[PDB]
C-alpha cells in the first residue's frame, strides 16, 4: 500500500447541529462510513463527510482516519472464523482414506 | 486497508494450512475458543478467511 | 470480470406508461400455519414423527402478504404498442431479515386480464423479478428507486425454465425513455412471445436483453444460472442473508407436494442488503392473444418459535406460531397439538404507555438585561457579558431591536441561537448604520482594523440593530465614534508600527482616546516609558452624527464544550403541551432524574415535606411533592391478569379477565398481551362483555342453568358450561 491506513472515527452528525451519533462497526460487517472514505487516507487526521439522505432523517455522515508508514516488507493480518454444521460440512483438511 | 476487507468463503474443498504458513513469517498467532491445532484439523460447513 | 456478453446496440427504449389504478385488487392470502404454509425446513437435520419446538426465521400466521400482479403490455390489432404497467418499480422496502413468496397459487383457475379485464382470460403461473442492494436514491428525473454500487438481480429469462442471478454495477442509458435520458418515466422489463420461447428454440437470453436495453452492464462480478422445469403446482421460494452470504430456498427441488422450503442454493455475496424492490415486467403479445397472469404474494420473515409436526417422512405437515394467540401459547407450553381440557392461565396485559411527565429546575435565564439601559459604548469601548450554565432565548432578546444586519462566521445566524454551548458571550456598543459596510470580521474598514475584532477560533456573529421608540431607558452618545488610527511611533521618531486590534480585545489606543470622539479627525499622543522601548502612542478617530433612534452593533461569540455545553436555549414549555403534571393514567416520568412509568394522583400529604420523594420499606416511590407544593401519590400502573377456558371436546374456548371488570374491557384493546384478540372474536364479534362476580368474561352466555359438575369450573358458584355432544 502507499501507506497503511485506517478509520479512527465513524459517527453521524445529528441534523440539529448540537449532537452526534457514534457508529461502532458491527461484527462481520463493513462500517457504514466506508461509503465516504477514500481507498487510502491521503493525510493523517483527514476527515470526510456526506450528507445523509432524507430517508435517514438528514444529518451528516462523518469519518476520519490515520496512516502508518510503508515498510520494507509488507505486513498483513488475517481473520479466521469457521462454521459448524452437519451435512453441510464439505470443507475439510485434505484426507486420505487408505 | 483495515476498512476494505477481502473475504473468501470456502465450501466443498480440501486444505492444508501449513502450506500457507510456509508462505509468510507469522508474528502473531492467537485463537479464541479453539486450539489452533484443532482448527487446522477440524472439518467444517464453512471456512472463512 | 464476468462474461455477460455485449451491450445491446440501440440506446432507445420502449416507453413505459403507468396504469396502476387497473391493478387494485383485493385477494388476500393469510398463512395457513396448520398446513405448514411458509415453513422453512431446519438446516442440515431431519426428524422422526415426534413433534418438537423450533426457533428460526418465519412469517407471522396472520399476515395476508403483499400482492403484486404482472400483466400484458399494450398492443393493438396484430402488433405491440408502448407499455402499460403497474407502479411497482417505486415500491422500495427496507430489507428485514429476508422474505418468502408464493408463486402459482391461482393456477388452474380463471380471472381477468387486469389491464383490459373485460376479456376475462384464464390465469397462469409467472415467475417474479427482483432487485436488492445497500443503497437507494433518486434517478436524474427525480424518480424513485435508483440503486447504487453493485446490486443483486433476480431475473428469470425467456420461459420459466431458465433462471439467472447477477451481481453487477448498472449503468444508465441516455436514449429516449431510458434512465439517464430526460424522457424517462419508469424502468420496466419485457418478454415477447412472438419470437421468444419457440418450442424448438427457447430464447435463453430474452429477458436479459430487454433488461440491457435500459441499463448497460459494467464491472460485473457474478453471474449464475439454474434449470427449472414447468409445473402448474404452487411453489414456495425465498431468501435469507448470513455472514456466509445470501441463501436461496425453494420447495421445488425437494418437496413438490408438501411445499416445505429447502435451501436450494447459496450465493458468495455477503454484502449487506439494506433495501428491497420488485421489478415490473410485461408481455408483448398480440392484443387478442393476451393471457392473464396468476396473483403473486410476499411475506416477511421474523425471529419466532414454533411447534413443528414432523411426518414420519420428515415433512413438516402442521405448525404452531407460538405468539399468534394465547391458545397457540398454551400449545407451545405443552409442546403438543392436543392440550387436555381445563382452565389455564395466560400472560397478562401489559396495560399501556402514556405520554411523559417531567419536572426539573427552571428559570435558568441569562444575564442580558444591562443592554437595555444607559448609553452603549463606542465600538472601541465595547462592553462584554460572559454567560455559563444558564438558560436563554436570544431570539426573544433580539426582538427588542429592529435588526438591520444578522450575520455570522462558521455558524449560521439561526443555528447559533438554537445551539447549546459551554459559554455564550455578548459584546455590545453603539454603532451607526452608516458604518455598516465596515463591520465584518473580514472587513477592510477602520472598524475591523482598530475598533473591534473577533477570533476565528470560535463561531462568531455580528449584529446591527436599532432601538425601538419604547426602549426609553436607552440613551445615546452625542455622536457615534470610532478610532480610525492606532499605531506607535518607534523610539527613533521616524519608524512607525501600526497596531491592528487584537481579536476579542480592546485596542491599546483606547487608553489614550476619550470615551467618545469629540470631533471627527481628533487625535492624541502619549509618550511611552523606556520599559516600552520608548516611542509614542498615537491615535485618531472619526464620528457620525447622532440619530433619532439609537443605532447599535453587537458581537457574539460562543464556545462549544466537548461535554461542558451548559448554556442552552431552554424554554419553560414555550410552544409546548406543558407536561409539568398529568392526572392522568400511567404516564412515564422523570423527576429530577427519578424515572419510571406510573400514575400520579392528588391525595393528602404526609411528612417529611421538602424531601420530595416518598418511599416505602422496599424503596418504592410511594409518592411525590411537586414544585406546585402539592403531594401526589404514585401507584405505578396496574396490569390485567387473564385466564382462558379450553374445551377440547368442542375445540372451543372462552376468556376470563377476572378482576379487571368490564369497564375497561372493550371489543378491541390498546394494551396488549398477544398478537391478536381475534381468537375471541370468532364468537365475540357478536357479543358484548359479561360482568360476573368473579369477573368480566367473553363468549360465556347467561344460561342460568344448574349443573353439579361442569369439569371446567371457574370456582365459586360461577361455573361455565361446555356445549352439548355432537
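Read-outs throughout are calculated quantities, based only on the coordinates presented, and are distinct from any laboratory measurement. Don't worry about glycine lacking a Cβ; one is built from the backbone with ideal geometry, like all the others, and counts go over all protein chains shown.
Stokes-Einstein diffusion coefficient for segment C:92-173 at 10 °C in a medium of 1.306 mPa s, Rh from the Kirkwood formula over Cα pairs: what value in µm²/s?
The estimated diffusion coefficient comes to 101 µm²/s.
If you stretched the chain out fully between residue C:289 and residue C:681, how much longer would it get, using 0.36 nm times the residue separation minus the C-alpha to C-alpha distance?
136.4 nm
Given q = 0.24 Å⁻¹, what are the Debye log10 I(q)/I(0) values for segment C:677-726, with equal point scatterers placed on the Cα positions and solvent ignored?
Log10 of I(q)/I(0), two decimals: -1.06.
Report the Cα-based extents of segment C:558-604 along its three principal axes, largest first, to the nearest Å.
Principal-axis extents of segment C:558-604 (Cα, largest first): 46, 24, 19 Å.
Within 10 Å of each Cβ in B:10-22, how many Cβ atoms from other chains are there, averaged over the peptide?
3
Using alpha-carbon pairs under 8 Å, 6+ residues apart, how would you state the relative contact order of chain A in percent?
This gives 33 percent for chain A.
Could you give the Stokes-Einstein D for segment C:339-411 in µm² per second, using the C-alpha Kirkwood radius, 37 °C, 0.692 mPa s?
In µm²/s, the coefficient is 174.
For every helix of n ≥ 4 consecutive DSSP H residues, a contribution of -39,500 (n - 2.57) applies; sum these over chain C, divide by its total residues, and give [θ] at 222 nm rounded to the nearest 500 deg cm²/dmol.
-1000 deg cm²/dmol, from helical runs alone.
With bins 10 Å wide starting at 0, give me the P(r) of segment C:282-424 over every alpha carbon pair, in whole percents.
The distribution over segment C:282-424 is 7, 17, 14, 8, 9, 13, 15, 11, 5, 1, given as percents.
Applying 1/(1 + (r/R0)^6) with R0 = 25 Å to the Cβ-Cβ distance of residue C:478 and residue C:511, what FRET efficiency is obtained, to the nearest 0.05?
FRET efficiency, residue C:478 to residue C:511: 0.70.
Find the relative contact order for segment C:175-333 and round it to a whole percent, using C-alpha pairs within less than 8 Å whose residues are 6+ positions apart.
17
Express in % the proportion of alpha carbon pairs of segment C:269-350 at distances exceeding 14 Å.
Of the Cα pairs, 78 percent sit more than 14 Å apart.
Let me know the whole percent of all Cα-Cα pairs from segment C:75-220 that are separated by more than 24 Å.
Of all Cα-Cα distances in segment C:75-220, 41 percent exceed 24 Å.
How long are the semi-axes of the ellipsoid equivalent to segment C:552-695, from square roots of 5 times the Cα gyration tensor eigenvalues, in whole Å, largest first?
47, 23, 14
Per-residue Cβ counts within 10 Å, from other chains only, averaged over A:74-83: what number is that?
Whole-number average of other-chain Cβ neighbours for A:74-83 is 6.
Report the gain in length on full extension from residue C:609 to residue C:663: 0.36 nm times residue separation, minus Cα-Cα distance, nm rounded to one decimal.
Working it through step by step, the gained length comes to 15.8 nm.
Rounded, prolate or oblate: which fits chain A when a ≥ b ≥ c are the square roots of the eigenvalues of the alpha-carbon gyration tensor, with rounded for a/c under 1.5 and prolate only if a/b beats b/c?
Oblate, since a/c reaches 1.5 and b/c is not below a/b.
Computed from the mean reciprocal separation of all distinct C-alpha pairs, what Kirkwood hydrodynamic radius does chain B have, in Å?
Taking the inverse mean of 1/r over all distinct Cα pairs, chain B comes out at 12.8 Å.
Can you give the FRET efficiency for residue C:383 and residue C:580, using 1/(1 + (r/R0)^6), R0 = 60 Å, r = Cβ-Cβ distance, to the nearest 0.05?
About 0.95, to the nearest 0.05.
At q = 0.13, 0.24, 0.27, 0.33 Å⁻¹, what log₁₀ I(q)/I(0) does a Debye calculation on the Cα points of segment C:656-700 give, no solvent, two decimals?
Result of the Debye calculation: -0.25, -0.88, -1.08, -1.33.
Using only the Cα atoms of segment C:164-290, build the gyration tensor, take square roots of its eigenvalues as a ≥ b ≥ c, and label the shape rounded, prolate or oblate: rounded if a/c is under 1.5, else prolate if a/b is larger than b/c, else oblate.
oblate
Within 10 Å of each Cβ in B:35-47, how many Cβ atoms from other chains are there, averaged over the peptide?
Partner Cβ neighbours, averaged per residue: 5.
Give the peptides C:393-403, C:204-214 in descending order of average Cβ contacts within 10 Å, highest first.
Per-residue Cβ counts within 10 Å, averaged per peptide and sorted highest first, yield C:204-214, C:393-403.
Using only Cα atoms, locate the centre of segment C:448-498 and the centre of segment C:153-216, then give the distance between them in Å, rounded to an integer.
71
When the Cα atoms of segment C:573-652 are enclosed in a convex hull and the volume is divided per residue, what value in Å³ results?
169
Quick check on segment C:479-551: what are the equivalent-ellipsoid semi-axes from the Cα gyration tensor, as sqrt(5λ), descending, whole Å?
27, 12, 9
Relative contact order for segment A:1-57 using alpha-carbon pairs under 8 Å, separation at least 6, rounded to a whole percent?
This gives 27 percent for segment A:1-57.
Could you check the simple spin-label distance between residue C:562 and residue C:418, using points 7 Å along Cα→Cβ, in nm with one decimal?
About 2.8 nm separates the two model spin labels.
So what are the radius of gyration and Dmax for the Cα set of segment C:380-494, in Å?
When restricted to Cα atoms, segment C:380-494 yields Rg and Dmax of 16.4, 55 Å.
Return the whole-Å distance between the Cα centroid of segment C:509-525 and the Cα centroid of segment C:256-306.
About 85 Å separates the Cα centre of segment C:509-525 from the one of segment C:256-306.
Quick check: Cα centre of segment C:33-48 to Cα centre of segment C:61-133, how many Å?
Result: 28 Å between the Cα centres.
Can you run the Rg to Rh ratio on the protein assembly as shown? Use alpha carbon positions and the Kirkwood inverse-distance Rh.
Expressed as Rg/Rh, it is 1.08.
Just to be sure I understand the model, the point goes 7 Å from the Cα along the line to the Cβ. What's the resulting residue A:36 to residue A:19 distance in nm?
In this crude label model, residue A:36 to residue A:19 measures out at 1.9 nm.
Working out 0.36 nm times the residue gap between residue C:185 and residue C:648, then minus their Cα-Cα distance, what length gain in nm do you get to one decimal?
160.8 nm
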